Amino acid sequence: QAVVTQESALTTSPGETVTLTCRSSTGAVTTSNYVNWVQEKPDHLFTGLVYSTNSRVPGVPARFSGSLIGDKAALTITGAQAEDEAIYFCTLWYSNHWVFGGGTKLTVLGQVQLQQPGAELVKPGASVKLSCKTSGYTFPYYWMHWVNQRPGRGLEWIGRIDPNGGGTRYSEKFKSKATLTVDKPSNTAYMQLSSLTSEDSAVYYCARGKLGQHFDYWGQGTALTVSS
């Protein structure tokens, strides 16, 4: 029942130093929450910025930095650029599941690849198998996360799979809905969703992880529509 709270929106001007924050409802944010920061640009295009409090994802501009300040986590953008206008999400680990904050809409007044199909349209009552084909890294060395986003709702972690044995961990919401597997020779991770209803219409993302390093690279998101 943990809730992660972020500022809903902030407006900045090019060149300013701005700090976004991420609070935990049950206590101070700690290193053991392994906070990650990700950026969403149009059209539902996610990139990883920071993992595990303060590790910047290689290739991300150095103006982005993460830290813990007092009882919460913080993403500092040191000299905002016009292209930084985006939605910024944090996520915290709570013992056995990830919880996403609601995102901060930032207005600015100015090799690793995970490949997912853009969309699928499936009838109610059917099943769907969503694919996430990877390249640019040694696939068995990393887990694959899946994340859901229903219209007007927050990001929801579905679960992860470790390709060394295929061991899964699901969130409460998806523990009897999603089935994760992989095909290592084709470098592809799969998520089946069963017993589809209109409530399953959503964008579904794959995102890379591993112990201590989560959500650094994302697929584009497959928009699933469940309709006859």
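The first residue of the shown sequence is 1; numbering continues from there.
Deposited sequence between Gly110 and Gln111: 10 or more residues lack coordinates. Two stretches are in play, 62-70 and 195-203, and the higher mean C-alpha B-factor belongs to 195-203.
In this entry, 123-131 has the higher mean Cα B-factor, the comparison being between 123-131 and 86-94. Taking only the listed residues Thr168, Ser186, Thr47, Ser171, the entry reports the highest CA temperature factor at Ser186. Remark: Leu155 belongs to the lowest third of its chain, ranked by C-alpha B-factor as recorded. Annotation for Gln213: CA B-factor lies in the lowest third of the chain's modelled residues. Per the deposited record, the Cα B-factor of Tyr142 falls in the middle third when ranked against the other modelled residues of its chain. Among the modelled residues of its chain, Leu75 has a C-alpha B-factor that falls in the lowest third, as given in the PDB entry. When the modelled residues of the chain are ordered by C-alpha B-factor, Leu114 sits in the highest third.
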